[PDB]
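In what follows, a structure is listed as structure tokens, so that the remarks can point back to it.
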Amino acid sequence: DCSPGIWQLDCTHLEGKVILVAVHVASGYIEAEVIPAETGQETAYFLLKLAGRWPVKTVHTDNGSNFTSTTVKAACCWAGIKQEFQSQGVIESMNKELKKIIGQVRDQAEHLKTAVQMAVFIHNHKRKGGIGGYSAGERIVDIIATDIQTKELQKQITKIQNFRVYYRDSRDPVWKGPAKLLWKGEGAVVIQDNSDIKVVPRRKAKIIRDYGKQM
Amino acid sequence: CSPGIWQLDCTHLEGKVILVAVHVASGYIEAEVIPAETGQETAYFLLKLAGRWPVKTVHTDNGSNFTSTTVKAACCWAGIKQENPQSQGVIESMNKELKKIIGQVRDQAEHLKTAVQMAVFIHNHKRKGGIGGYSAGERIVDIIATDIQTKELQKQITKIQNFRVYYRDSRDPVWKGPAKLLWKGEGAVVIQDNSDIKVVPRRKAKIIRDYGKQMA
Ligand SMILES: Cc1nc2ccccc2c(-c2ccc3c(c2)CCCO3)c1[C@H](OC(C)(C)C)C(=O)O
Ligand SMILES: Cc1nc2ccccc2c(-c2ccc3c(c2)CCCO3)c1[C@H](OC(C)(C)C)C(=O)O
């Protein structure tokens, strides 16, 4: 539930211009930008560009100083992103391997930035030599879109949760208490119990008009 | 294929020229204000765009950045390829749409370049379709999803397409004409000749690739 919407960004201290890298921590997607001059404000316009390609719920910050800039914090509010208080070192090292391929292309491009963007293209559209069903370069907007189906799902889940159906086991003075209902059918209605299990006929089952909680 | 192509038109505003990178199918746009405008400059944003997503192709009947042979070469390192009446009208309108949006964002923002950037998160966010949302910005993660699912399956389809199986039919009648199997189930297999949707028991047939088990 936590992994979604989460993005980790690493600053790069580099020959020539400084640069910073942005990845959904799970996705592995990379959109690094070469930094002409470093200001949190400067950091922000890109972070602003970063949101359109993908939404980020929040970003943890490597640097308290990139954190200190008022604009940098200012951006977290427009976004609604909250600044959050070995392997990532290996990810920067992967950026270094990327820098090595960037070295392989260093001859190819005078502009270090080009190399970095290429390196980004390199993390992207990348397939493991070990067989992988899913490419990490093929980070899935979809697994973020499944939950997107999930939000609508929970939404459907909430309306069912909103309805309470009450039933009576047959020939029972007692009337069975409210519980989430597993299914609705014209022939039969299925119900769910916690610390108990039950299912029911549709006639014992009843139909309710929608009562909505917290608009 | 429609997802692969991206279509780009850029118009200068207040002198400074914004770079614009619409994906038509998505309807998503990524635009970057360029410190300086050149074809090479045009090239860099595309490289960034390539990092966010693959593009099969883009079309310009001609562009100045496009004329610069340099812009093409990049699309190639990329593997993207340089190149609907109701749609043809909309594209200029979309370019225009952000600007009307920009005038509002302007009263909002001190710096136009940032502002244009601002217009987009919103542009994606608004949904044209319903009270339920079918925003083009919304559409893209699914669109990406659809194509994604297609490939893993298509490959299954290819691996499958190659694998083939004979049918006995009546035993005495010549056993078969091998047809590509539609499916496998225990004690049976779904197969079709390209003449008729067929089904049969496990015993009736064995299944190595017709042109079989090529290490490949
Ligand atoms: C300056 C420059 N001049 C060129 C002249 C003709 C053809 C290509 C270039 C490229 C270039 C473009 C795309 C690209 C790569 C290199 C290298 C491989 C990936 O795609 C660059 C590059 O610079 C810009 C990106 C600013 C244009 C570079 O740094 O080499
Ligand atoms: C110059 C400038 N000075 C500031 C001083 C204090 C606080 C914020 C800013 C902002 C700013 C930052 C984020 C942002 C918006 C505006 C506007 C809404 C979206 O987020 C800008 C902006 O300039 C930069 C983007 C270069 C920092 C601006 O264009 O006004």
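Every residue number used here counts from 1 along the chain in the order it is shown.
Going by what the header records, the deposited coordinates were determined by X-ray crystallography, 4.6 Å.
Any Cβ shown, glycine's included, is placed from N, Cα and C.
According to Swiss-Prot, the protein has these features:
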- B:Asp9, B:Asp61, B:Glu92: Mg(2+) 3 binding site (BINDING)
- B:163-210: DNA-binding region (DNA_BIND)
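Features per Swiss-Prot, on structure.
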residue	record	DSSP class
B:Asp9	Mg(2+) 3 binding site	coil
B:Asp61	Mg(2+) 3 binding site	coil
B:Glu92	Mg(2+) 3 binding site	helix
Against chain A, with Cβ pairs under 8 Å, which of the binding-site residues B:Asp9, B:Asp61, B:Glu92 show up? Give them in sequence order, please.
none
Taking the mean position of the Cβ atoms of B:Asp9, B:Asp61, B:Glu92 as the Mg(2+) 3 site, which residues outside that list, in the same chain, have a Cβ no more than 8 Å away, listed in sequence order?
B:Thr60, B:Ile91
Among B:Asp9, B:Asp61, B:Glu92 [binding-site residues], residue with fewest other Cβ within 10 Å
B:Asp61
From B:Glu83 to B:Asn84, where 5 residues lack coordinates, the CA-CA distance in Å
17
Across the DNA-binding region (B:163-210), DSSP yields 0 helix, 23 strand, 25 coil
